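[1] Next input, structure requested:
(4 chains, ligands or ions: 4)
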Amino acid sequence: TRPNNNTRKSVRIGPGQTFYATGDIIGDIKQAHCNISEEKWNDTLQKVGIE
Amino acid sequence: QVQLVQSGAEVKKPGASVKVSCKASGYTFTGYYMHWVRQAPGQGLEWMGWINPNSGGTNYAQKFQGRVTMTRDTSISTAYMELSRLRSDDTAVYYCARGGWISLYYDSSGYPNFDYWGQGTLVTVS
Amino acid sequence: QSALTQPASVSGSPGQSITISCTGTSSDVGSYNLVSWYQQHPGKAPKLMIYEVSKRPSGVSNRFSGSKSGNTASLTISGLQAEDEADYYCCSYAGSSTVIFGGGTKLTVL
Amino acid sequence: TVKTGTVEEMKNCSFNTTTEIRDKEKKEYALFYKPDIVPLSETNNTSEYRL
Ligand SMILES: *[C@@H]1O[C@H](CO)[C@@H](O[C@@H]2O[C@H](CO)[C@@H](O[C@@H]3O[C@H](CO[C@@H]4O[C@H](CO[C@H]5O[C@H](CO)[C@@H](O)[C@H](O)[C@@H]5O)[C@@H](O)[C@H](O)[C@@H]4O)[C@@H](O)[C@H](O[C@H]4O[C@H](CO)[C@@H](O)[C@H](O)[C@@H]4O[C@H]4O[C@H](CO)[C@@H](O)[C@H](O)[C@@H]4O)[C@@H]3O)[C@H](O)[C@H]2NC(C)=O)[C@H](O)[C@H]1NC(C)=O
Ligand SMILES: *[C@@H]1O[C@H](CO)[C@@H](O[C@@H]2O[C@H](CO)[C@@H](O[C@@H]3O[C@H](CO)[C@@H](O[C@@H]4O[C@H](CO)[C@@H](O)[C@H](O)[C@H]4NC(C)=O)[C@H](O)[C@@H]3O)[C@H](O)[C@H]2NC(C)=O)[C@H](O)[C@H]1NC(C)=O
Ligand SMILES: *[C@@H]1O[C@H](CO)[C@@H](O[C@@H]2O[C@H](CO)[C@@H](O)[C@H](O)[C@H]2NC(C)=O)[C@H](O)[C@H]1NC(C)=O
Ligand SMILES: *[C@@H]1O[C@H](CO)[C@@H](O)[C@H](O)[C@H]1NC(C)=O
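    Numbers count the residues shown, from 1 in each chain, chains lettered A, B, ... in the order given. Ligands and ions are numbered 1, 2, ... in the order given. You can find the structure just below:
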């Protein structure tokens, strides 16, 4: 997962070439991380060893 | 135990400013948010934003737009508010209250859990 | 973006169960579950009374309950005594790192 | 910088683009992640970057 961001600024260049860009961020700022269950990982990685 | 020691009451002229502080004790203040509220004698409770103790980032509520600033000092675990451009409408009672636990992995500031509050202080404008 | 609507005051005979309601816009309480109740005795700092309307905080006796539905929520107090003579406030998360506190309501005893 | 503090992994970059009419340039800004911007310079010019 990741945290909140405000919105996607809509900027038009020349003949209608709309593009989006990351604007401001509200409220606080955090990560940017992934979570994995340990006990499942442990025995799965061990079973890899036995085979 | 978790205590919040505030400063004494004060009265100032219109247009002046007053400094309000709140001191943490009994816990590691660097892991919890801190919010403020004002209450006039007969009105509701106006909420002002939190101040992060570590990075020092500050949020402010609407209807201030900079007339109030918030700072901190981690060496003595004390927060300070500077209330500028006082008017007669600012006559009120001020309190500090401790917020939720800061987790570094998700936004938790929006959890209005205030279990420990200071004794408060009176601010009057002449 | 105004405060939450609250009654002015409530009353009740000793023992009587009392229900207090708070009404806002779905953007506040219909969206999330971040709702809390506070009570404050005149001349004292407030005390927290409710977590997640239906969750009890620590240090609270088994006299307070509540629930939410749609755009409103309420608190129920059983076994009314003189000790419950206090002011009550609602407050909830608004989104955008803001919090709404309600107008409040005064409890009277008979 | 952000309304509540600062962020280290992004930069706020002032732009120099064309309007919808090919006669004028206008000021703009967007935020970008640090690893997608390179300081194209012959020296340590921290105010000149390129996508
Ligand atoms: C991804 O992976 C990350 C990495 O783990 C996960 O983060 C974990 O996420 C959970 C929730 O999803 C977080 O739990 C929160 O934890 C808070 C931490 O509180 C305690 O931690 C204690 C360990 O330390 C203690 O020991 C210290 C030593 O001195 C001491 O100083 C310190 O004060 C403390 O005693 C642990 O023992 C304790 O049991 C706590 O868990 C909790 O506080 C959070 O819970 C509170 O808030 C809930 C919602 O607001 C509420 O429902 C709870 O009832 C609880 O409120 C109670 O707590 C209040 C705290 O102020 C208290 O005032 C009140 O009276 C009640 O008692 C919540 O449980 C966990 O910390 C976090 N891990 C971290 C940050 O490392 C992610 O979840 C994973 N998933 C995703 C999607 O990211
Ligand atoms: C992550 O960030 C997002 C993006 O900001 C957060 O979304 C934001 O949610 C809030 C809730 O307050 C919206 O607030 C609205 O404010 C307007 C003005 O007060 C209120 O009224 C009306 O809204 C409509 C649009 O729905 C608009 O057409 C009307 O002009 C406006 N006013 C009138 C007179 O009708 C509205 O009811 C809400 O109160 C933010 O606007 C919304 N963001 C955006 C860009 O709309 C999201 O909350 C945040 N995530 C978290 C966890 O908070
Ligand atoms: C990114 O930088 C731009 C450039 O200064 C900032 O844009 C200005 O922001 C200030 C205050 O918000 C305004 O007074 C100016 O009018 C803005 N400029 C323009 C052209 O609108 C912007 O705030 C910065 N944003 C972030 C998130 O850092
Ligand atoms: C950036 O765009 C503006 C638009 O006024 C232009 O005037 C300017 O010269 C371009 N570069 C500079 C120097 O700002």
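
[2] and the nearest residue to residue B:81 once chain neighbours are set aside, what does it touch?
    Excluding its sequence neighbours, the residue lying closest to residue B:81 (C-beta to C-beta, 6 or more residues apart in numbering or on different chains) is residue B:20, at 4.4 Å. Placement of C-beta: from N, CA and C, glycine included. By C-beta atoms under 8 Å, 6 or more residues apart in numbering or on different chains, the contact list for residue B:20 reads B:6, B:7, B:80, B:81, B:83, B:94, B:121, B:123.

[3] Which one of the residues you listed is nearest to ligand 2?
    residue B:81 (25.0 Å; C-beta to the nearest ligand atom).

[4] ok, the closest one - contacts?
    By C-beta under 8 Å, 6+ apart, the contact set of residue B:81 is B:19, B:20, B:21, B:36, B:68, B:69, B:70, B:94.

[5] Buried ones from those, can you make that a PyMOL selection?
    For the buried members of those, the matching PyMOL selection, counting by 16 or more other C-beta atoms under 10 Å in any protein chain shown, is:
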select buried, chain B and resi 20+21+36+68+70+94
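
[6] centroid residue for chain B?
    residue B:36 (3.4 Å; C-alpha atoms, centre = their mean).

[7] With chain C instead?
    Centre-nearest of chain C using C-alpha atoms, centre = their mean is residue C:37, 3.7 Å out.

[8] thought that one was touching residue C:87?
    No - applying C-beta atoms under 8 Å, one finds residue C:37 not in contact with residue C:87, separated by 11.2 Å.

[9] before we move on, what SS does the residue nearest to residue B:81 have?
    Following DSSP: H, G, I helix; E, B strand; the rest coil, residue B:20 is assigned to strand.

[10] picking that back up, just list whatever residues bridge to the residue nearest to the centre of chain B.
    Note on residue B:36: beta-bridge partners by DSSP bridges are residue B:48, residue B:96.

[11] What residues does the residue in chain A positioned nearest to chain C make contact with?
    Using C-beta to the nearest C-beta, the closest approach of chain A to chain C is made by residue A:27 at 3.1 Å. By C-beta under 8 Å, 6+ apart, the contact set of residue A:27 is A:4, B:59, B:107, B:109, B:110, C:96, C:97, D:3, D:4.
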